[PDB]
């Protein structure tokens, strides 16, 4: 039983648990038993949750950031239903109280014992909120549709829960012996080394003597470092680069100078190096696992006797404003002297003080830390900055995590991609970020879901495979049931991979109709119908994927041959008609990031009362160049529509009418007006988002429209101006915005306003994007690695300007776009 589970975990995470044992590594072992313990208690806590509290755990509320409506309501075990008319202002309780009246009359004769499930989804309506505040009711209003709900009794929710149970002495300089290696090249080889605390060096780098390429290299030399051993900060990182010269880089490697138990390191180490793209401070501090083939350096840390880092108990014993909103060396010195008044009267400037503190002198670090221990808790915004690699100290990190606990679950979810990436910066396996993510994920099943997937999707990256593998193991121990739910997902993804391979093979040797019918036969096999059916969507756990409609599935006959998979569900009706796209061969990470950023804009816009009718569709990497994109139904590409085919509702006398004609046929009579407004709002949002993000090569192939008028972007797949990208107005959208008239300055200028509001609201949260992109640097995305990428956002949001200033600047950009539009 505990052997079945171990095997289930092994299959789910894509790494066998026996591989953890074989490392005979006490840090891995200690991480495992402690994190198992932590996760088991969390699971125990959850099995006694109240029924409302469980709903909160398993089906967290989906909310928006007088008027009448129709609702259909039924009860759990009957098909008979009642249609009521209520107010968009009424709470779920009144509707429930209403539904119980109708039952008592029909069956010839307490609302608070129920919750309302959205039919055929894992989504529930409860709490003291007006119906219009629930994403679902809210969404229903905009599309016309009647909300459909089931009354579920508390006794039934509890049955769900139950079924789901489980020191300063050493004054001599620091130094190492560089012994030998075993490697491949073409000329002479040099080892260069630096001591780092984040990006900042703790002293100058020191180089090797030249030795010939023939090697199996030999050195037997002492590299001495210009810094007292008693000064090495807790998080001292020692870094190596091996290269050749008569410059040609070969490999690099890093390690911490203290182990995970705070002990200084001795004596001999063998470092298995990673291939190079010279010093790489940000690289992992674990050696290359491919030890058969990896070049290796042998070194020797010299025993100065054990020696540990001193307990905090010991450590605790031991024109300003005009600048405070990069600084000269005299400005630095001023801040440091003011550290106390910084604490008392500028607590939000912590980050700036941390960057001036001298991490290569131990006495100053004791100073800074002592101030940190009484430092007031900081705003989330400020805390997200502190998580950056320019703050490696474990005390700083703990303060940051401590400031971050006041994150709501909706916020945490919004920034989960970045917090996971920042695991790649960590020095050690057991850390505060890991416990934090595990804890919040075990308290919220939606967080759990995406945490799992963000980690699972990277298991083929050797630098994170062990770390990420271990976290998912701990997660599973805390939720046996959710483990199985995710296995169902992994098995579906495994079959889709097999199905996509067949399509790639078949389609090269036969015509599209022929392969299509083959795909269907392949899907109609028992093993497939079953593996592909009855799962939660990896794109959204509240979306249930029930019956694959084989007949509606296809593939696109191009490059990587992505698959199109439709689902239906009687229980959910029209709402359970949903689709996924499976893509294998392409990397989806950049698109996911882009889409999260756009969805962030939408939330920020909505919090100022601006709704730009965005389309934040699912996009999720699940494996090695593998993931999923959510089908947005009732949509088509601008290119396709602009083919202006005859025999169609939308056939134009002039190609420029095509897109308007299409909208007309989808939205007759008085419906046309709202579709044009939907188009205008959505167009403004994507124009501003693409501009702020530096995304170009937009064209009719990678823009789409919904039948409601909503325009949205797909397949980005470059950003931050690396292809300065101009603002873009396509004449074809301008034509539609203008209701089909040559001149319509009343409509075009309401459009300009939309853009100007959207843009000015983002500037107010400019720092949030900057902090978020800074952390994303951890992802290893080629287009998001250096500072010229961050600078791109600095320039697009004109953060160093006044709002009047930037708004004029933006107005020049917009007018330039208008001229470019024919």
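Between two forms, the rigid core is defined as the largest C-alpha subset superposing within 1.5 Å. Residue numbers count along the first chain shown, from 1.
**Q** Comparing C-alpha positions in 8 other deposited structures of this protein against this form, with the rigid core used for the fit, which stretch differs more, 369-377 or 213-221?
**A** After the core superposition, the stretch with higher RMS deviation in 8 other deposited structures of this protein is 213-221.
**Q** On a core superposition, give the stretch, 554-562 or 609-617, with the larger average C-alpha separation from this form in 8 other deposited structures of this protein (RMS over structures and residues).
**A** With the rigid core fitted, 554-562 is the stretch that strays more in 8 other deposited structures of this protein.
**Q** Checking chain continuity here. Are there deposited residues lacking coordinates between residue 277 and residue 278, and if so is it 1 to 3, 4 to 9, or 10 or more (or none)?
**A** Gap between residue 277 and residue 278: 4 to 9 residues without coordinates.
**Q** Missing residues between residue 83 and residue 84 in the deposited sequence, please: none, 1 to 3, 4 to 9, or 10 or more.
**A** Per the record, no deposited residues are absent between residue 83 and residue 84.
**Q** Return whichever of 11-19 and 809-817 has the greater mean Cα B factor according to the PDB record.
**A** Looking at the recorded C-alpha B-factors, 809-817 comes out higher on average.
**Q** Which has the higher mean CA temperature factor in the PDB entry, 288-296 or 441-449?
**A** The stretch with the larger average C-alpha B-factor is 288-296.
**Q** When the CA B-factors of 225, 359, 391, 617 are compared as recorded in the entry, which is the largest?
**A** Max CA B-factor in the entry, restricted to 225, 359, 391, 617: 225.
**Q** Name the residue from 796, 47, 56, 37 with the greatest C-alpha temperature factor listed in the entry.
**A** The listed residue with the largest C-alpha B-factor is 796.
**Q** Ranking every modelled residue in this chain by its Cα temperature factor as given in the entry, which third contains residue 488?
**A** Its C-alpha B-factor, which the entry lists for residue 488, ranks in the lowest third among residues of this chain.
**Q** Going by the CA temperature factor in the PDB record, which third of the chain does residue 171 belong to: lowest, middle or highest?
**A** CA B-factor rank for residue 171: highest third.
**Q** Looking at the temperature factor on the CA atom of residue 103, which third of the chain's modelled residues does it land in?
**A** Highest third - that is where residue 103 ends up once the chain's C-alpha B-factors are sorted.
**Q** Pull the Cα B-factor of residue 621 out of the PDB entry and bin it into the chain's lowest, middle or highest third.
**A** CA B-factor rank for residue 621: lowest third.
**Q** Using the B-factor values recorded in the entry, state whether the Cα atom of residue 609 falls in the lowest, middle or highest third among the modelled residues of its chain.
**A** Lowest third, going by the recorded CA B-factors of the chain.
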